[PDB]
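Asker: So here's upload_14.cif (mmCIF, C-alpha atoms).
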data_my_file
loop_
_atom_site.group_PDB
_atom_site.id
_atom_site.type_symbol
_atom_site.label_atom_id
_atom_site.label_comp_id
_atom_site.auth_asym_id
_atom_site.auth_seq_id
_atom_site.Cartn_x
_atom_site.Cartn_y
_atom_site.Cartn_z
ATOM 1 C CA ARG C 1 0.000 0.000 0.000
ATOM 2 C CA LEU C 2 2.864 2.391 0.774
ATOM 3 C CA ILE C 3 4.507 1.648 -2.587
ATOM 4 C CA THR C 4 1.208 2.220 -4.402
ATOM 5 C CA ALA C 5 0.682 5.472 -2.486
ATOM 6 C CA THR C 6 4.200 6.631 -3.382
ATOM 7 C CA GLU C 7 3.591 5.887 -7.068
ATOM 8 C CA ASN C 8 0.253 7.719 -6.946
ATOM 9 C CA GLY C 9 1.912 10.671 -5.222
ATOM 10 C CA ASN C 10 4.638 10.835 -7.864
ATOM 11 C CA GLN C 11 2.002 10.763 -10.613
ATOM 12 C CA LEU C 12 0.003 13.470 -8.823
ATOM 13 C CA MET C 13 3.131 15.613 -8.441
ATOM 14 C CA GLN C 14 3.879 15.291 -12.161
ATOM 15 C CA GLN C 15 0.269 16.176 -13.000
ATOM 16 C CA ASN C 16 0.388 19.170 -10.642
ATOM 17 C CA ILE C 17 3.629 20.406 -12.221
ATOM 18 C CA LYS C 18 2.071 20.093 -15.680
ATOM 19 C CA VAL C 19 -1.073 21.899 -14.498
ATOM 20 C CA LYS C 20 0.991 24.709 -12.962
ATOM 21 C CA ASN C 21 2.960 25.122 -16.193
ATOM 22 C CA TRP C 22 -0.282 25.167 -18.193
ATOM 23 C CA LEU C 23 -1.800 27.746 -15.831
ATOM 24 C CA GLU C 24 1.271 29.982 -16.100
ATOM 25 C CA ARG C 25 1.178 29.717 -19.898
ATOM 26 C CA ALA C 26 -2.551 30.506 -19.908
ATOM 27 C CA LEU C 27 -2.035 33.554 -17.680
ATOM 28 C CA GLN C 28 0.766 34.817 -19.931
ATOM 29 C CA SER C 29 -1.393 34.262 -23.021
ATOM 30 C CA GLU C 30 -4.327 36.081 -21.406
ATOM 31 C CA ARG C 31 -2.112 39.046 -20.512
ATOM 32 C CA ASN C 32 -0.705 39.141 -24.052
ATOM 33 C CA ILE C 33 -4.204 38.950 -25.555
ATOM 34 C CA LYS C 34 -5.433 41.767 -23.309
ATOM 35 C CA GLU C 35 -2.447 43.918 -24.291
ATOM 36 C CA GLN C 36 -3.017 43.185 -27.987
ATOM 37 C CA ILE C 37 -6.724 44.024 -27.715
ATOM 38 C CA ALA C 38 -5.927 47.276 -25.905
ATOM 39 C CA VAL C 39 -3.199 48.304 -28.365
ATOM 40 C CA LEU C 40 -4.388 47.122 -31.808
ATOM 41 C CA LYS C 41 -8.159 47.497 -31.450
ATOM 42 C CA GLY C 42 -9.892 47.568 -34.824
ATOM 43 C CA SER C 43 -7.043 45.816 -36.656
ATOM 44 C CA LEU C 44 -7.595 42.906 -39.032
ATOM 45 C CA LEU C 45 -4.683 40.956 -37.528
ATOM 46 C CA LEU C 46 -6.396 41.118 -34.122
ATOM 47 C CA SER C 47 -8.952 38.522 -35.236
ATOM 48 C CA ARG C 48 -6.192 36.199 -36.463
ATOM 49 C CA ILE C 49 -4.264 36.645 -33.205
ATOM 50 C CA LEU C 50 -7.391 35.873 -31.173
ATOM 51 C CA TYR C 51 -8.101 32.784 -33.287
ATOM 52 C CA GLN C 52 -4.524 31.560 -32.822
ATOM 53 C CA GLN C 53 -4.736 32.144 -29.063
ATOM 54 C CA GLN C 54 -8.035 30.248 -28.879
ATOM 55 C CA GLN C 55 -6.565 27.363 -30.884
ATOM 56 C CA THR C 56 -3.482 27.240 -28.642
ATOM 57 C CA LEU C 57 -5.601 27.443 -25.477
ATOM 58 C CA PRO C 58 -5.621 24.049 -23.714
ATOM 59 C CA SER C 59 -8.832 22.145 -23.037
ATOM 60 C CA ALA C 60 -9.689 21.543 -19.378
ATOM 61 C CA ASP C 61 -12.215 18.795 -20.196
ATOM 62 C CA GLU C 62 -9.357 16.272 -19.997
ATOM 63 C CA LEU C 63 -8.783 17.208 -16.329
ATOM 64 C CA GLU C 64 -10.741 14.837 -14.101
ATOM 65 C CA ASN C 65 -12.262 16.002 -10.828
ATOM 66 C CA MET C 66 -9.875 15.544 -7.895
ATOM 67 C CA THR C 67 -12.513 15.839 -5.151
ATOM 68 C CA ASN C 68 -13.056 12.072 -4.945
ATOM 69 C CA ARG C 69 -9.303 11.421 -4.910
ATOM 70 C CA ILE C 70 -8.820 14.024 -2.166
ATOM 71 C CA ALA C 71 -11.615 12.475 -0.095
ATOM 72 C CA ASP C 72 -10.141 8.988 -0.525
ATOM 73 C CA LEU C 73 -6.682 10.247 0.458
ATOM 74 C CA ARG C 74 -8.110 11.968 3.543
ATOM 75 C CA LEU C 75 -9.956 8.791 4.548
ATOM 76 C CA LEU B 1 14.262 8.379 -39.003
ATOM 77 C CA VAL B 2 17.838 9.597 -38.577
ATOM 78 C CA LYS B 3 17.671 11.618 -41.802
ATOM 79 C CA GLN B 4 14.339 13.152 -40.772
ATOM 80 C CA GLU B 5 15.737 14.061 -37.347
ATOM 81 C CA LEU B 6 18.812 15.639 -38.951
ATOM 82 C CA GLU B 7 16.629 17.640 -41.349
ATOM 83 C CA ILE B 8 14.435 18.812 -38.462
ATOM 84 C CA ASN B 9 17.525 19.853 -36.492
ATOM 85 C CA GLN B 10 18.912 21.754 -39.489
ATOM 86 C CA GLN B 11 15.579 23.527 -40.000
ATOM 87 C CA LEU B 12 15.467 24.430 -36.301
ATOM 88 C CA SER B 13 19.020 25.798 -36.470
ATOM 89 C CA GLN B 14 18.175 27.882 -39.546
ATOM 90 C CA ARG B 15 15.047 29.217 -37.832
ATOM 91 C CA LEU B 16 17.090 30.071 -34.731
ATOM 92 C CA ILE B 17 19.675 31.921 -36.838
ATOM 93 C CA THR B 18 16.928 33.864 -38.620
ATOM 94 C CA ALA B 19 15.300 34.693 -35.277
ATOM 95 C CA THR B 20 18.640 35.894 -33.888
ATOM 96 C CA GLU B 21 19.183 38.138 -36.919
ATOM 97 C CA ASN B 22 15.644 39.514 -36.606
ATOM 98 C CA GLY B 23 16.190 40.132 -32.897
ATOM 99 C CA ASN B 24 19.433 41.995 -33.562
ATOM 100 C CA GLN B 25 17.684 44.144 -36.176
ATOM 101 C CA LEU B 26 14.801 44.796 -33.769
ATOM 102 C CA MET B 27 17.246 45.752 -31.006
ATOM 103 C CA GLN B 28 18.999 48.211 -33.324
ATOM 104 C CA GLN B 29 15.640 49.672 -34.373
ATOM 105 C CA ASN B 30 14.554 49.959 -30.729
ATOM 106 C CA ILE B 31 17.798 51.731 -29.803
ATOM 107 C CA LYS B 32 17.301 54.164 -32.687
ATOM 108 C CA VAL B 33 13.671 54.732 -31.668
ATOM 109 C CA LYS B 34 14.675 55.364 -28.047
ATOM 110 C CA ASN B 35 17.313 57.879 -29.146
ATOM 111 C CA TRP B 36 14.770 59.599 -31.403
ATOM 112 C CA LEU B 37 12.215 59.713 -28.575
ATOM 113 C CA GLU B 38 14.760 61.213 -26.170
ATOM 114 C CA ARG B 39 15.728 63.826 -28.766
ATOM 115 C CA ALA B 40 12.055 64.621 -29.402
ATOM 116 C CA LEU B 41 11.369 65.013 -25.675
ATOM 117 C CA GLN B 42 14.369 67.325 -25.290
ATOM 118 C CA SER B 43 13.253 69.365 -28.308
ATOM 119 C CA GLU B 44 9.704 69.611 -26.941
ATOM 120 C CA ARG B 45 10.992 70.807 -23.566
ATOM 121 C CA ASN B 46 13.240 73.373 -25.264
ATOM 122 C CA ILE B 47 10.368 74.586 -27.458
ATOM 123 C CA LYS B 48 8.072 74.927 -24.440
ATOM 124 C CA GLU B 49 10.741 76.897 -22.570
ATOM 125 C CA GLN B 50 11.322 79.153 -25.588
ATOM 126 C CA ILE B 51 7.585 79.774 -26.006
ATOM 127 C CA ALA B 52 7.236 80.589 -22.304
ATOM 128 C CA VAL B 53 10.268 82.903 -22.241
ATOM 129 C CA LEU B 54 10.282 84.711 -25.616
ATOM 130 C CA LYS B 55 6.551 84.959 -26.331
ATOM 131 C CA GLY B 56 5.794 87.602 -28.945
ATOM 132 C CA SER B 57 9.307 87.566 -30.428
ATOM 133 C CA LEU B 58 9.972 87.380 -34.162
ATOM 134 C CA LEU B 59 12.700 84.759 -33.678
ATOM 135 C CA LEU B 60 10.148 82.487 -31.978
ATOM 136 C CA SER B 61 8.525 81.724 -35.339
ATOM 137 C CA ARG B 62 11.904 80.864 -36.877
ATOM 138 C CA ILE B 63 12.778 78.643 -33.905
ATOM 139 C CA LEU B 64 9.434 76.845 -34.182
ATOM 140 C CA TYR B 65 9.914 76.356 -37.929
ATOM 141 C CA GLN B 66 13.407 74.943 -37.366
ATOM 142 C CA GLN B 67 12.099 72.594 -34.665
ATOM 143 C CA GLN B 68 9.297 71.403 -36.954
ATOM 144 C CA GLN B 69 11.769 70.823 -39.791
ATOM 145 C CA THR B 70 14.113 68.885 -37.489
ATOM 146 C CA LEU B 71 11.234 66.845 -36.042
ATOM 147 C CA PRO B 72 11.399 63.258 -37.360
ATOM 148 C CA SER B 73 8.551 61.693 -39.317
ATOM 149 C CA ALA B 74 6.888 58.660 -37.729
ATOM 150 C CA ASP B 75 5.244 57.576 -41.004
ATOM 151 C CA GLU B 76 8.376 55.529 -41.761
ATOM 152 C CA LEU B 77 7.769 53.431 -38.615
ATOM 153 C CA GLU B 78 5.783 50.327 -39.535
ATOM 154 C CA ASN B 79 3.256 48.816 -37.144
ATOM 155 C CA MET B 80 4.823 46.194 -34.871
ATOM 156 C CA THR B 81 1.547 44.559 -33.786
ATOM 157 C CA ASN B 82 1.702 41.898 -36.511
ATOM 158 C CA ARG B 83 5.364 41.176 -35.752
ATOM 159 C CA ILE B 84 4.595 40.890 -32.029
ATOM 160 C CA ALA B 85 1.702 38.514 -32.729
ATOM 161 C CA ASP B 86 3.878 36.371 -35.008
ATOM 162 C CA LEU B 87 6.645 36.265 -32.390
ATOM 163 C CA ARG B 88 4.149 35.264 -29.693
ATOM 164 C CA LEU B 89 2.748 32.504 -31.913
ATOM 165 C CA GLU B 90 6.258 31.227 -32.671
ATOM 166 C CA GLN B 91 7.147 31.262 -28.966
ATOM 167 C CA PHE B 92 3.961 29.356 -28.113
ATOM 168 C CA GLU B 93 4.716 26.771 -30.808
ATOM 169 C CA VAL B 94 8.291 26.386 -29.542
ATOM 170 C CA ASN B 95 7.057 25.963 -25.963
ATOM 171 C CA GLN B 96 4.529 23.339 -27.073
ATOM 172 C CA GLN B 97 7.235 21.472 -29.000
ATOM 173 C CA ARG B 98 9.556 21.574 -25.980
ATOM 174 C CA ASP B 99 6.781 20.291 -23.706
ATOM 175 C CA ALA B 100 6.036 17.461 -26.143
ATOM 176 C CA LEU B 101 9.780 16.700 -26.280
ATOM 177 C CA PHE B 102 10.279 16.930 -22.503
ATOM 178 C CA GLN B 103 10.078 13.124 -22.202
ATOM 179 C CA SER B 104 12.951 12.234 -24.520
ATOM 180 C CA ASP B 105 12.703 8.497 -23.824
ATOM 181 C CA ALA B 106 8.940 8.479 -24.420
ATOM 182 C CA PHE B 107 9.357 10.463 -27.646
ATOM 183 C CA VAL B 108 12.056 8.059 -28.862
ATOM 184 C CA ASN B 109 9.868 5.056 -28.028
ATOM 185 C CA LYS B 110 6.904 6.601 -29.860
ATOM 186 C CA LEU B 111 9.046 7.393 -32.911
ATOM 187 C CA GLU B 112 10.504 3.866 -32.950
ATOM 188 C CA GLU B 113 6.992 2.395 -33.177
ATOM 189 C CA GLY B 114 6.342 0.801 -36.555
ATOM 190 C CA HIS B 115 10.061 0.666 -37.420
ATOM 191 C CA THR B 116 11.372 -2.094 -35.135
ATOM 192 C CA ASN B 117 12.980 -3.751 -38.173
ATOM 193 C CA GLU B 118 15.284 -0.705 -38.480
ATOM 194 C CA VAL B 119 15.851 -0.018 -34.762
ATOM 195 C CA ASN B 120 18.962 -1.124 -32.862
ATOM 196 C CA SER B 121 20.951 -0.018 -29.814
ATOM 197 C CA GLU B 122 23.085 2.390 -31.855
ATOM 198 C CA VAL B 123 19.988 3.665 -33.674
ATOM 199 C CA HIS B 124 18.240 4.303 -30.349
ATOM 200 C CA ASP B 125 21.305 6.092 -28.962
ATOM 201 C CA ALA B 126 21.521 8.287 -32.069
ATOM 202 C CA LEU B 127 17.795 9.046 -31.843
ATOM 203 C CA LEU B 128 18.154 10.022 -28.177
ATOM 204 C CA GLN B 129 21.118 12.273 -28.987
ATOM 205 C CA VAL B 130 19.177 13.904 -31.833
ATOM 206 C CA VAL B 131 16.187 14.410 -29.523
ATOM 207 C CA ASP B 132 18.401 16.061 -26.898
ATOM 208 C CA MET B 133 19.978 18.316 -29.535
ATOM 209 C CA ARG B 134 16.533 19.250 -30.870
ATOM 210 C CA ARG B 135 15.322 20.043 -27.344
ATOM 211 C CA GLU B 136 18.350 22.269 -26.722
ATOM 212 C CA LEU B 137 17.819 24.030 -30.059
ATOM 213 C CA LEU B 138 14.126 24.519 -29.254
ATOM 214 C CA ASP B 139 14.983 26.007 -25.853
ATOM 215 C CA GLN B 140 17.500 28.382 -27.446
ATOM 216 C CA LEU B 141 14.958 29.366 -30.112
ATOM 217 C CA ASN B 142 12.308 29.984 -27.443
ATOM 218 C CA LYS B 143 14.695 32.208 -25.478
ATOM 219 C CA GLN B 144 15.610 34.124 -28.643
ATOM 220 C CA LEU B 145 11.929 34.514 -29.556
ATOM 221 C CA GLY B 146 11.126 35.822 -26.079
ATOM 222 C CA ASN B 147 13.969 38.336 -26.258
ATOM 223 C CA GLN B 148 12.850 39.430 -29.733
ATOM 224 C CA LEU B 149 9.244 39.802 -28.557
ATOM 225 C CA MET B 150 10.345 41.928 -25.597
ATOM 226 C CA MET B 151 12.482 44.091 -27.893
ATOM 227 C CA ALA B 152 9.594 44.470 -30.351
ATOM 228 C CA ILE B 153 7.190 45.449 -27.560
ATOM 229 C CA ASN B 154 9.669 48.038 -26.278
ATOM 230 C CA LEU B 155 10.180 49.386 -29.807
ATOM 231 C CA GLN B 156 6.419 49.615 -30.383
ATOM 232 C CA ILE B 157 5.919 51.466 -27.089
ATOM 233 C CA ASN B 158 8.756 53.856 -27.950
ATOM 234 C CA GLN B 159 7.319 54.442 -31.431
ATOM 235 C CA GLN B 160 3.858 55.173 -30.016
ATOM 236 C CA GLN B 161 5.323 57.600 -27.474
ATOM 237 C CA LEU B 162 7.385 59.305 -30.188
ATOM 238 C CA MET B 163 4.332 59.619 -32.446
ATOM 239 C CA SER B 164 2.290 61.144 -29.618
ATOM 240 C CA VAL B 165 5.101 63.575 -28.761
ATOM 241 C CA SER B 166 5.486 64.547 -32.424
ATOM 242 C CA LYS B 167 1.739 65.148 -32.754
ATOM 243 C CA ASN B 168 1.729 67.307 -29.616
ATOM 244 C CA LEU B 169 4.752 69.281 -30.839
ATOM 245 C CA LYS B 170 3.150 69.800 -34.256
ATOM 246 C CA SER B 171 -0.062 71.030 -32.623
ATOM 247 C CA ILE B 172 1.893 73.418 -30.385
ATOM 248 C CA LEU B 173 3.892 74.733 -33.348
ATOM 249 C CA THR B 174 0.719 75.240 -35.394
ATOM 250 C CA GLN B 175 -0.904 77.118 -32.504
ATOM 251 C CA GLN B 176 2.187 79.310 -32.097
ATOM 252 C CA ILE B 177 2.301 80.051 -35.836
ATOM 253 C CA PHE B 178 -1.404 80.941 -35.872
ATOM 254 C CA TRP B 179 -0.973 83.189 -32.825
ATOM 255 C CA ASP B 180 15.382 93.802 -51.069
ATOM 256 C CA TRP B 181 11.874 92.387 -50.691
ATOM 257 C CA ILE B 182 11.478 91.974 -54.460
ATOM 258 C CA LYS B 183 14.831 90.188 -54.741
ATOM 259 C CA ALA B 184 13.983 87.931 -51.791
ATOM 260 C CA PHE B 185 10.596 87.042 -53.293
ATOM 261 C CA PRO B 186 12.025 85.949 -56.684
ATOM 262 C CA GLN B 187 14.728 83.958 -54.888
ATOM 263 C CA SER B 188 12.111 82.265 -52.698
ATOM 264 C CA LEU B 189 10.003 81.462 -55.767
ATOM 265 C CA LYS B 190 13.020 79.991 -57.569
ATOM 266 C CA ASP B 191 13.928 77.910 -54.510
ATOM 267 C CA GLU B 192 10.353 76.623 -54.216
ATOM 268 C CA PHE B 193 10.278 75.736 -57.920
ATOM 269 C CA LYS B 194 13.618 73.916 -57.682
ATOM 270 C CA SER B 195 12.602 72.068 -54.494
ATOM 271 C CA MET B 196 9.130 71.139 -55.772
ATOM 272 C CA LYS B 197 8.400 67.419 -55.478
ATOM 273 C CA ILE B 198 5.566 65.093 -56.488
ATOM 274 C CA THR B 199 4.411 62.236 -54.259
ATOM 275 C CA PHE B 200 -10.339 47.660 -56.709
ATOM 276 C CA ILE B 201 -11.504 49.886 -53.856
ATOM 277 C CA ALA B 202 -11.276 53.020 -56.011
ATOM 278 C CA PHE B 203 -13.184 51.367 -58.864
ATOM 279 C CA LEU B 204 -15.870 50.123 -56.466
ATOM 280 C CA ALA B 205 -16.230 53.601 -54.956
ATOM 281 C CA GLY B 206 -16.472 55.166 -58.411
ATOM 282 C CA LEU B 207 -19.101 52.664 -59.546
ATOM 283 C CA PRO B 208 -21.601 53.635 -56.799
ATOM 284 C CA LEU B 209 -20.953 57.298 -57.607
ATOM 285 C CA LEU B 210 -21.585 56.629 -61.303
ATOM 286 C CA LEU B 211 -24.811 54.801 -60.432
ATOM 287 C CA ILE B 212 -25.928 57.715 -58.241
ATOM 288 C CA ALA B 213 -25.153 60.178 -61.041
ATOM 289 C CA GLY B 214 -27.113 58.065 -63.520
ATOM 290 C CA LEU B 215 -30.086 57.860 -61.160
ATOM 291 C CA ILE B 216 -29.967 61.640 -60.680
ATOM 292 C CA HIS B 217 -29.861 62.155 -64.453
ATOM 293 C CA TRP B 218 -32.825 59.804 -64.913
ATOM 294 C CA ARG B 219 -34.847 61.565 -62.196
#
Here is a file; write its structure as structure tokens.

Answerer:
Amino acid sequence: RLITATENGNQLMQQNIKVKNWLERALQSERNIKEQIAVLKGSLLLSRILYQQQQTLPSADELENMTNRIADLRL
Amino acid sequence: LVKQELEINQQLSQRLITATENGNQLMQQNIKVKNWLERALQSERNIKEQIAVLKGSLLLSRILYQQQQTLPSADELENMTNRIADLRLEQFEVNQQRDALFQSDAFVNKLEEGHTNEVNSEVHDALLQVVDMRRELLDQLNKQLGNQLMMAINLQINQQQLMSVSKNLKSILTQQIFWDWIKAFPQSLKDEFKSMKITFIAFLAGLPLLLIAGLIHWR
């Protein structure tokens, strides 16, 4: 059980590191998009930039809910 | 596999070299723009001081004309929004590639799938070395792209500030301007004549105007 818990904790740490990197990238992209919208409002390239940002935005639907895992770990 | 990896590495190196050259050019342009903005700010301060001190003087008009002539033209400064967007997209793509290549062993195993008949220990070692080299090149390219994007943002901000300062100075000069002789006149006319210079959508605009004119003629 301890070995399984250690493996699960390592996997959770890797997932948390990936999620933190994704969140930092998303925050940077949001700041860049806000700056671009404030600076180049009314420009044709603004639509292309927004489309590229939306395409590059990650999908959170692949992130499963961690409430059940947290409850099981607490128990 | 090895040839494809080598070609990808060569393309990445060429892209990194091009990005470095573009970043150097952008840094030079940003330095020039910063120098121009500092000169414009100094000239604006001097013009304001001269207007406040020597108001109503004949030499004030000549000083304002000289300042306007020496003022740089911002029309030669192209918009950097598209370049900034392209740099941001390239940086995002490089970051995504680096993240996908973070697990070098997993990437090598995935690439070796479907080619086990041409995979050996030496082949795997060469693939791992090529993956490491590609990851290093991608990291260097991402750093260069970030530096170039920062330089482009700084240059765009400096250009916007310089354009605003130039517009304010032009408005101030126009407001100030608003607020023997025979020989000089022929000489001025000759100088003006010698220094004289000449600088789809239009068809569509003309067509509606022609239709309006035809309708008016009919009515």

Asker: How big is the axis-aligned box around the listed atoms of region 180-193 of chain B once 3 Å is added on each side, and where is its centre? Give both in Å to one decimal, as AutoDock Vina command-line options.

Answerer:
--center_x 12.7 --center_y 84.8 --center_z -54.3 --size_x 11.4 --size_y 24.1 --size_z 13.2

Asker: For residue 27 (chain B), list every protein, DNA or RNA residue within 8 Å, evaluated using only C-alpha atoms, and leave out those in the same chain fewer than 4 positions away; present the list as a list in words.

Answerer: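 Everything that qualifies: residues 23, 31, 148, 151 and 152 of chain B.
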
Asker: Which value, in Å to one decimal, gives the distance between CA of residue 31 (chain C) and CA of residue 18 (chain B)?

Answerer: 26.8 Å

Asker: Could you check how far CA of residue 107 (chain B) sits from CA of residue 55 (chain C), in Å to one decimal?

Answerer: 23.4 Å

Asker: Would you kindly return, as a PDB file with C-alpha atoms, in the coordinates of the input, each protein, DNA or RNA residue with an atom no farther than 12 Å from any atom of residue 64 (chain C), considering only C-alpha atoms and excluding same-chain residues fewer than 4 positions away?

Answerer:
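Below is the file that was written, result_23.pdb:
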ATOM      1  CA  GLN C  15       0.269  16.176 -13.000  1.00  0.00           C
ATOM      2  CA  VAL C  19      -1.073  21.899 -14.498  1.00  0.00           C
ATOM      3  CA  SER C  59      -8.832  22.145 -23.037  1.00  0.00           C
ATOM      4  CA  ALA C  60      -9.689  21.543 -19.378  1.00  0.00           C
ATOM      5  CA  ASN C  68     -13.056  12.072  -4.945  1.00  0.00           C
ATOM      6  CA  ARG C  69      -9.303  11.421  -4.910  1.00  0.00           C
TER       7      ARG C  69
END

Asker: Would you write out, as a VMD selection string, every residue that the PyMOL selection byres ((chain C) within 7 of (chain B)) captures in this file?

Answerer: chain C and resid 40 45 49

Asker: Would you mind exporting the chosen residues as an mmCIF file, in the frame of the given file, restricted to C-alpha atoms?

Answerer:
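Output contents, as saved in result.cif:
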data_model
loop_
_atom_site.group_PDB
_atom_site.id
_atom_site.type_symbol
_atom_site.label_atom_id
_atom_site.label_comp_id
_atom_site.auth_asym_id
_atom_site.auth_seq_id
_atom_site.Cartn_x
_atom_site.Cartn_y
_atom_site.Cartn_z
ATOM 1 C CA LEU C 40 -4.388 47.122 -31.808
ATOM 2 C CA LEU C 45 -4.683 40.956 -37.528
ATOM 3 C CA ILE C 49 -4.264 36.645 -33.205
#

Asker: Enumerate, as a VMD selection string, the residues matched when the PyMOL selection byres ((chain B and resi 111) around 12) is run on the file above.

Answerer: chain B and resid 1 to 2 4 to 5 101 104 to 110 112 to 116 118 to 119 123 to 124 127 to 128 131

Asker: Is it possible to add N, CA, C and O atoms to region 102-116 of chain B and hand it back as a CSV table (one decimal), keeping the file's coordinate frame?

Answerer:
chain,number,residue,atom,x,y,z
B,102,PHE,N,9.7,17.0,-23.8
B,102,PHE,CA,10.3,16.9,-22.5
B,102,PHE,C,10.7,15.5,-22.1
B,102,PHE,O,11.7,15.3,-21.5
B,103,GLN,N,9.8,14.5,-22.4
B,103,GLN,CA,10.1,13.1,-22.2
B,103,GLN,C,10.8,12.6,-23.4
B,103,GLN,O,10.2,12.1,-24.4
B,104,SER,N,12.1,12.7,-23.4
B,104,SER,CA,13.0,12.2,-24.5
B,104,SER,C,12.8,10.7,-24.8
B,104,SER,O,12.7,10.3,-25.9
B,105,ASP,N,12.8,9.9,-23.7
B,105,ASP,CA,12.7,8.5,-23.8
B,105,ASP,C,11.3,8.1,-24.4
B,105,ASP,O,11.2,7.3,-25.3
B,106,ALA,N,10.3,8.8,-23.9
B,106,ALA,CA,8.9,8.5,-24.4
B,106,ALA,C,8.8,8.9,-25.9
B,106,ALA,O,8.2,8.2,-26.7
B,107,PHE,N,9.4,10.0,-26.3
B,107,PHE,CA,9.4,10.5,-27.6
B,107,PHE,C,10.1,9.5,-28.5
B,107,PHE,O,9.7,9.2,-29.6
B,108,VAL,N,11.3,9.0,-28.1
B,108,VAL,CA,12.1,8.1,-28.9
B,108,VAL,C,11.3,6.8,-29.0
B,108,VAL,O,11.3,6.2,-30.1
B,109,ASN,N,10.7,6.3,-27.9
B,109,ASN,CA,9.9,5.1,-28.0
B,109,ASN,C,8.7,5.2,-29.0
B,109,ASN,O,8.4,4.3,-29.8
B,110,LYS,N,8.0,6.4,-28.9
B,110,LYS,CA,6.9,6.6,-29.9
B,110,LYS,C,7.4,6.7,-31.3
B,110,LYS,O,6.7,6.1,-32.2
B,111,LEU,N,8.5,7.3,-31.6
B,111,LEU,CA,9.0,7.4,-32.9
B,111,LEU,C,9.5,6.0,-33.4
B,111,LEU,O,9.4,5.7,-34.6
B,112,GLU,N,10.0,5.2,-32.5
B,112,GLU,CA,10.5,3.9,-33.0
B,112,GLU,C,9.4,2.9,-33.2
B,112,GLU,O,9.6,1.8,-33.8
B,113,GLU,N,8.1,3.3,-32.9
B,113,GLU,CA,7.0,2.4,-33.2
B,113,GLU,C,6.8,2.3,-34.7
B,113,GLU,O,6.8,3.3,-35.4
B,114,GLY,N,6.5,1.1,-35.1
B,114,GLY,CA,6.3,0.8,-36.6
B,114,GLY,C,7.6,0.7,-37.4
B,114,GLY,O,7.5,0.5,-38.6
B,115,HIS,N,8.8,0.8,-36.7
B,115,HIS,CA,10.1,0.7,-37.4
B,115,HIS,C,11.0,-0.2,-36.7
B,115,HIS,O,12.3,0.0,-36.7
B,116,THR,N,10.5,-1.2,-35.9
B,116,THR,CA,11.4,-2.1,-35.1
B,116,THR,C,12.4,-2.9,-36.0
B,116,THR,O,13.4,-3.3,-35.5
